[PDB]
Amino acid sequence: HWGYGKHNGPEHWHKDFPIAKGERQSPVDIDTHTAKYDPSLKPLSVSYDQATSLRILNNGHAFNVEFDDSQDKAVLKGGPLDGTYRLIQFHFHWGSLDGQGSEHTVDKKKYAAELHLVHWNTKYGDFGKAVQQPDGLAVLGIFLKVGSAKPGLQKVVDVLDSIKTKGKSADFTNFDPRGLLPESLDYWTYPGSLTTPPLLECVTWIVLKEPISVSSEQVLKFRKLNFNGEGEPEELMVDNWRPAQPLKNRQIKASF
Ligand SMILES: NS(=O)(=O)c1nnc(NS(=O)(=O)c2cccc(C(=O)OCCCCO[N+](=O)[O-])c2)s1
Ligand SMILES: [Hg+2]
Ligand SMILES: [Zn+2]
């Protein structure tokens, strides 16, 4: 099945998932000089105060931190969004070196990592219904560069021994994602897709401009993670990112 190597990487995905060459695929490069300020954009609202993390899972691609979304607790509203989007999970893509890792790039600049917090539109009742919908998902993208440590990321980092290999999960309750926001909510927004198969074209992207900085020692632990399952050849989980995909004259709008 799909992965990030020579034989199962992003260049092979189109075979099982034709939509991989669709009209609103992700990620894209954000050309800061072509993006336009959008006055019709509402203020963005990220309410993560009542968020309830359940568990952390190595899925053979990333780790997902998973949330109980049976209630209307952690939510994205505002911005390009209409109505309410519920937080279901978060995860990252990172590099083998600090000069690669992000999925979205800024004027072709690659950051060491990118965080995606994934939300479903509550008019659709479940997540599964939402992904049959053009406005089904909202993902909130955040860049990571290597500098001073992010204290709010340290609980994720320390638990990663728990979930070394494909399959493993760890109980992961009371994690606060608020610890992972940068101070500014300035952002670019376009309609796009999941960046992993099935690459469903269901996402309003809200990519934050200000990146968070994490330590060299922090990103280093992500890199110790395994692609393989327990007792298999060691493939370090590095470079689990998709490259920028053709814009196809969508317009990227700026909140600033
Ligand atoms: N990087 S990204 O653009 O944000 C994503 N790339 N992939 C993402 N997946 S997910 O939205 O988060 C997610 C969430 C909760 C449960 C599940 C889940 O366990 O169900 C499988 C989802 C359909 C794929 O399988 N399939 O047979 O079609 C998945 S999000
Ligand atoms: Hg869709
Ligand atoms: Zn992602």
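What you see of chain A is 4-259, where the numbers are those given in Swiss-Prot.
Going by what the header records, the deposited coordinates were determined by X-ray crystallography, 2.1 Å.
Cβ coordinates are placed from backbone N, Cα and C, and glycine is handled just like the others.
Secondary structure at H64 (active site, proton donor/acceptor), as computed by DSSP, is coil. Cβ neighbour count for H64 (active site, proton donor/acceptor) (all protein chains, 10 Å cutoff from its Cβ): 18. The active site, proton donor/acceptor feature in Swiss-Prot is assigned to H64; the stated evidence is a curator's inference.
In sequence order, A65, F66, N67, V68, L118, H119, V121 are the residues near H94 (Zn(2+) binding site), counting only same-chain partners six or more apart with C-beta under 8 A. In the three-state DSSP classification, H94 (Zn(2+) binding site) falls within a strand. Swiss-Prot lists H94, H96, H119 with the feature Zn(2+) binding site, giving experimental evidence as the kind of evidence.
Look at Swiss-Prot and you will find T198, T199 tagged as substrate binding site, backed by experimental evidence. There are 24 other CB atoms within 10 A of the CB of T198 (substrate binding site), with all protein chains counted.
As annotated by Swiss-Prot, phosphoserine applies to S165 (among others). Listed in sequence order, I59, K171, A173 are the same-chain residues six or more apart from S165 (phosphoserine) with CB atoms under 8 A from its CB.
Here Swiss-Prot flags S172 (among others) as phosphoserine. Secondary structure at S172 (phosphoserine), as computed by DSSP, is strand.
Residues or ranges marked as site 'Fine-tunes the proton-transfer properties of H-64' in Swiss-Prot (evidence: a curator's inference): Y7 (among others). Here the Cβ of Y7 (site 'Fine-tunes the proton-transfer properties of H-64') has 18 other Cβ atoms within 10 Å, regardless of which shown protein chain they belong to.
Look at Swiss-Prot and you will find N62 (among others) tagged as site 'Fine-tunes the proton-transfer properties of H-64', backed by experimental evidence. Counted within 10 Å of its Cβ, the other Cβ atoms near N62 (site 'Fine-tunes the proton-transfer properties of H-64') come to 14, all protein chains included.
If you look up Swiss-Prot, you'll see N67 (among others) marked as site 'Fine-tunes the proton-transfer properties of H-64', on the strength of experimental evidence.
Comparing the recorded positions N67, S172 on other C-beta atoms within 10 angstroms of each C-beta gives the minimum for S172. Using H64 (active site, proton donor/acceptor) as the reference Cα, a 10 A cut-off selects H96, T199 from the recorded positions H96, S172, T199. Non-local contacts of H96 (Zn(2+) binding site) by the CB criterion (under 8 A, 6+ apart in sequence, same chain) comprise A65, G104, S105, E106, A116, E117, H119, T198, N243, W244, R245.
Note: the Cα of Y7 (site 'Fine-tunes the proton-transfer properties of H-64') and the Cα of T199 (substrate binding site) are spaced 10 Å from each other.
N62 (site 'Fine-tunes the proton-transfer properties of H-64') is 9 Å away from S172 (phosphoserine) when you measure Cα to Cα.
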